[PDB]
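Below are the chains, spelled out letter by letter.
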Amino acid sequence: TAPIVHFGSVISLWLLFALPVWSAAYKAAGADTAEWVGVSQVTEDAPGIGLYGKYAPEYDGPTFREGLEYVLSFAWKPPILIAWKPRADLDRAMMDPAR
Amino acid sequence: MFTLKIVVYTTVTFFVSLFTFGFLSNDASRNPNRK
Amino acid sequence: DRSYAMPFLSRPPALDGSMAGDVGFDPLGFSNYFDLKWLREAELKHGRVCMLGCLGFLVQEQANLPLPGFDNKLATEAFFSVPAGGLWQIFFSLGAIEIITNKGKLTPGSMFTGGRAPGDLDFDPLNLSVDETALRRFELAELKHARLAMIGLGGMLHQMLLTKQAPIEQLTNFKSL
Amino acid sequence: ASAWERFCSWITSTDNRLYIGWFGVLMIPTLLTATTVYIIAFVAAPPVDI
Amino acid sequence: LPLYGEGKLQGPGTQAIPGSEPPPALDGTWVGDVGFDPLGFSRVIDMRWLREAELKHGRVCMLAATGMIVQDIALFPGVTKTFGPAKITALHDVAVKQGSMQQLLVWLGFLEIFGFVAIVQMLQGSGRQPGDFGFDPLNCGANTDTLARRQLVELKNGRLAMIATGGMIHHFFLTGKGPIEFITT
Amino acid sequence: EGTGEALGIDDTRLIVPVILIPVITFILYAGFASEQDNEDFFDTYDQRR
Amino acid sequence: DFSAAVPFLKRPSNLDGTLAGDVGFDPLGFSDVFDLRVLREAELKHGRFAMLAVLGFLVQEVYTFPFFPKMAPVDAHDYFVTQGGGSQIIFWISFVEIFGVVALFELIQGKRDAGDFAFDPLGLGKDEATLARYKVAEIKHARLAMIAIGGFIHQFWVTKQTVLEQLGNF
Ligand code: KC2
Ligand SMILES: CC1=C(C#C/C(C)=C/C=C/C(C)=C/C=C/C=C(C)/C=C/C=C(\C)C#CC2=C(C)C[C@@H](O)CC2(C)C)C(C)(C)C[C@H](O)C1
Ligand SMILES: CC1=C(C#C/C(C)=C/C=C/C(C)=C/C=C/C=C(C)/C=C/C=C(\C)C#CC2=C(C)C[C@@H](O)CC2(C)C)C(C)(C)C[C@H](O)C1
Ligand SMILES: CC1=C(C#C/C(C)=C/C=C/C(C)=C/C=C/C=C(C)/C=C/C=C(C)/C=C/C2=C(C)CCCC2(C)C)C(C)(C)C[C@H](O)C1
Ligand SMILES: CC1=C(C#C/C(C)=C/C=C/C(C)=C/C=C/C=C(C)/C=C/C=C(C)/C=C/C2=C(C)CCCC2(C)C)C(C)(C)C[C@H](O)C1
Ligand SMILES: CC1=CCCC(C)(C)[C@H]1/C=C/C(C)=C/C=C/C(C)=C/C=C/C=C(C)/C=C/C=C(C)/C=C/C1=C(C)CCCC1(C)C
């Protein structure tokens, strides 16, 4: 029975009526005008633009547990020192004695 | 003292939540006469 | 066969034009080892949090509810002023919607079993994207703003912590060092 | 085919030597804590002002 | 949009940098195209946005230069009371506290909201050309050949005013004097 | 002791585990629940898992 | 048959002569023991570090930034390991070097050329001929700067005289 609770009660009913009202306002009109389109300064040939709009990529790779083990592999076995393993083709196994 | 309190709260909540959501996971079906 | 964002690096095999934010940038190559649907959903969700978070840093910092523990500009130090009671009932509000939008499916092995595309919780009240071109440009805009707002809340927050000054104030005062 | 399902199957497994189950989830930590504190206090504990 | 002086100014066969050739965006149709873009900004950014920015800078800076000069020759009555003797960039700081610059920002931003809408609409094929805000109340751009020329004058005077305003502001930073006082020194 | 705090929570820190650990357990349980056939049945218990 | 750089020695086998600045100079013969591409990447990276270091050594002596205090180049490292900046620089170098690790993994599989990162932000050496001449010039200047940075710093230690100073007064 307070003046401020009445005020908050009107605003609560406003927030409740917003979705049924403006969602339907959106449904009937919508931005399906076939001209509503986002515009940007950079040339669209190379904006790293999305292709196929929403894209969901089917996935059949390693399990999530295996994935976090791979990410753990960054500290357990990084690819750094393998660069300095010996010349892997043949190490000059037939290294001529003169050279 | 507070560190021990929060550790004990963590442990108790962990095991209680396991109990709660485990018996809520269709425990009645886990019998040998199902199907 | 070379990444556009990393010319020196070869393109991640998983990364592709179809994604809508792809510029070939996955130097680590997480894509190869996790559901890219899950990764995109995580990216868009973190960014949708941070996009609101930066504006919050900013609006809370200028205007605020006239309620007694709601007025403390430095957001970092504001989280604790408002009572956790409130912060918890909001955390619970976000829980409801987490499960509402995701429709119960909220694990990596279950989230996308219903065919929901990543990063969509079926929200589109305005700025309709039925136009694939419009969807295509809006998704790149959303991804770029997600990525930018990540850096943002990061800076704003770590910076508010560094100088106990909200965003707008700090720079104007810009007490350095 | 879900991690929670596998966990529930393991907890409610009739193949463990000692059955755990959901009541065992609460029993084993509590009983182990009681055993440990009882052994430690029985072998060595200062006098108590009862 | 035929180009005035095509052959002597703003057209093919007039390439500014002789050794180098211009980007493929710089075609012979654009206004004030002397084939000059060494750093190659044009291939990355769309030419419509670039010309919008050029014309906006030029139009702002012409007003800025004439303001920095006229503010020295004369002043509106009463500004000398509220604002003390205050030249280019000190007057900015004083007027910010005075609140005039807030009003300028508010109203120029209100206009620039529709400028943003115009840039968006042109970049999605509305058919509007850069800098064309439909503002010609005196009907002086009605004749097409005079409009052609006046476009290159607008571009070139915008460029000259940009360089000029940079000059006046940095001369003020050096000597703390206005344009008229600086020239008589 | 004897102060009357709700659930013994005298520090606000104690709430973080108390609310989050059930939420992580709830999230793990939801993956199980969403996989189930959640239509009604006329039986003493559900035999479908 | 025999290296032009070292005529008494025989030509090192892996150093065929394709890489820029290759004069068959590998007396100890590391190329025979390790991948030449990894060694080339190490050479280019160390040399680029050295070229920047040699320039900065002199630029600091002629001009130290006003917001920072004036210290001879070597005295600065110790200053900024505390000022804070030292951390910022070494922090960012590590950040770039993580993607350097990724590029090295590409290099091992042959998907990337040694010392190549597609950095021609302004298209300097976009001519095939020039990119060659530039590659030769780059490797020489790098090989020289490796010596120059060491001299600069070691001279300071033996003689407290920023190179410009010392040269002025021996
Ligand atoms: C959008 C998110 C959101 C939702 C959907 C939501 C819904 C409801 C409902 C609807 C069923 C009720 C009935 C309710 C009640 C209370 N809310 Mg809540 N609320 C949200 C957000 C906040 C924030 C930000 C705060 C807050 C608070 C309180 C207090 C304070 C009690 C006290 O402390 O005395 C009470 C009684 C404040 C708080 O707890 O701290 C002072 C606080 O800061 N709420 N709230
Ligand atoms: C989605 C949707 C809709 C909608 C909507 C809405 C409401 C969308 C709202 C989006 C918002 C609020 C986006 C905010 C983005 C903010 C960014 C990128 C900030 C970057 C800051 C940076 C980089 C910084 C910084 C700084 C740092 C760190 C340090 C400081 O010292 C300095 C500085 C401050 C500069 C509608 C309702 C239309 C329906 C539709 O059907 C669907
Ligand atoms: C004979 C022989 C061979 C050989 C060989 C030789 C001669 C090898 C020589 C190798 C040399 C000389 C390497 C030098 C590297 C220098 C670097 C990376 C400098 C970094 C400086 C930095 C980061 C800095 C800095 C700084 C600066 C500038 C500013 C200061 O304020 C701060 C600070 C101090 C921090 C071969 C190759 C054939 C093999 C053969 O079998 C045997
Ligand atoms: C108000 C205010 C402030 C301020 C301020 C402002 C607004 C400051 C600055 C203003 C402006 C207008 C700067 C212009 C700079 C132009 C330059 C350097 C031109 C270069 C030309 C070149 C290279 C020529 C090139 C060439 C030309 C043309 C001809 C030959 C070919 C070529 C080489 C291509 C502060 C910051 C003090 C704060 C204060 O609280 C408030
Ligand atoms: C210690 C330390 C620091 C440090 C440091 C730094 C930056 C140290 C850097 C040291 C460097 C770069 C040393 C380089 C030495 C080069 C030599 C000996 C080359 C000889 C080549 C010859 C003889 C060539 C011979 C030849 C050959 C093969 C072929 C041609 C013919 C000929 C020319 C004869 C600080 C300052 C950060 C402080 C910190 O608290 C700790
Ligand atoms: C601590 C605290 C205080 C008050 C509230 C509460 C108690 C809850 C608690 C909350 C803490 C929170 C919410 C912390 C969140 C942390 C955040 C948002 C951290 C963000 C960090 C971001 C960082 C590094 C970004 C760095 C990015 C870099 C270099 C990117 C580099 C680049 C990349 C990747 C590609 C292009 C080239 C470029 C741009 C150089």
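In the block above lies the structure referred to throughout.
Now for a look at the structure at hand.

1. A short note on the environment of A:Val71
Summarising the element assignment, A:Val71 is placed in helix α2 (residues 64–76). When its relative accessible area of 29% is taken as the criterion, A:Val71 is described as partly exposed. Dropping the residues within four chain positions of it, A:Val71 is found in contact with C:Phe30 and C:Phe34.

2. A word on the site of ligand 3
Residues and elements named next belong to chain G. Around ligand 3, the structure places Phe25, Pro27, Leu28, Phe30, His46, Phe49, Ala53, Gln60, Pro73, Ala76, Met146 and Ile149. Summarising the interface, the protein chains cover 55% of the accessible area of ligand 3, which totals 1000 Å² for the free molecule. Counting only elements with at least two residues in the shell around ligand 3, the list comes to α2 (36–62), α3 (73–83) and α5 (128–158). Residues of the shell around ligand 3, tallied by class, amount to 10 nonpolar, two polar and no charged.

3. Structural notes on the interface of chain D and chain F
Contact residues are listed per partner, giving four residues for chain D and seven residues for chain F. Buried area between chain D and chain F, both sides added, is near 510 Å², and the carbon and sulfur share of it is 62%. Broken down residue by residue, the surface that chain D buries against chain F is led by D:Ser2, D:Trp4 and D:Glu5, which jointly contribute 83%. At the surface where chain D touches chain F, the tally comes to one salt bridge. Scanning the region where chain D abuts chain F turns up two residue pairs in polar contact. Counted by class, the side of chain D that touches chain F contains two nonpolar, one polar and one charged residues.

4. Quick look at the site of ligand 2
All names here are of chain C. Taken together, 14 residues lie near ligand 2, and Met51, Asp124, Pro125, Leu126 and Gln159 sit nearest. The contact in question runs from an oxygen atom of ligand 2 to an N or O atom on the side chain of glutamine 159, over 3.0 Å. Protein coverage of the free-state accessible area of ligand 2, which is 1000 Å², stands at 59%. Those elements that provide at least two residues to the shell around ligand 2 are α1 (36–62) and α4 (132–162). It is α4 that contributes the most residues to the shell around ligand 2, seven residues altogether.

5. What about unusual backbone geometry?
For A:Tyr52, which is not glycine, the phi dihedral falls at a positive 75°. Mapped onto the elements, A:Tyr52 comes out in the loop between α1 (3–28) and α2.

6. Topic: the packing of aromatic side chains
The full count for this structure, using the stated rule, is 33 aromatic pairs over all chains. Ring geometry for A:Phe74 and C:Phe30: centres 5.9 Å apart, planes at 80°, overall edge-to-face. With one member in each of two chains, A:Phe74 in helix α2 and C:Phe30 in the segment before α1 form a pair that bridges those chains. With 5.9 Å between their ring centres and 35° between their planes, F:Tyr29 and F:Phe32 make a pair best called tilted. On the criterion of helical spacing, the pair formed by F:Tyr29 and F:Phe32 is a turn pair, its members being three residues apart in helix α1 (residues 15–34). Aromatic rings pair up to connect G:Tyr63, G:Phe65, G:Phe67, G:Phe68, G:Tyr79 and G:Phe80 into one cluster. One residue, E:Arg128, lies across the ring of E:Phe133, its end atom 5.0 Å from the ring centre. If you follow G:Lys160 out to its NZ or CZ, it ends over the ring of G:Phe156, 3.5 Å from the centre.

Quick notes on the rules
Residues numbered from 1 in each chain as written, not as in the entry; some residues may be left out. Chains lettered and ligands numbered in written order. Part of a larger assembly, values for the part shown. Heavy atoms only, no water. Helix = DSSP H or I, 4+ residues; strand = E, 2+ residues; numbered from the N terminus. Buried < 20%, exposed > 50% of the residue type's maximum accessible area, 1.4 Å probe, protein only. Contact = heavy atoms within 4.5 Å. Near = heavy atom within 4 Å. Areas by Shrake-Rupley, 256 points an atom, 1.4 Å probe, with all protein chains shown as cover. Nonpolar A, V, L, I, M, F, W, Y, C, P; charged D, E, K, R; others polar. Buried area = accessible area lost by both parts, 1.4 Å probe. Salt bridge = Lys/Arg side-chain N within 4 Å of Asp/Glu carboxyl O. Polar contact = N/O pair within 3.5 Å; in protein donor to acceptor, adjacent residues only side chain to side chain. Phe/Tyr/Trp six-rings, centres within 6.5 Å; stacked < 30°, edge-to-face > 60°. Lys NZ or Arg CZ within 6 Å of the ring centre and 35° of its normal.

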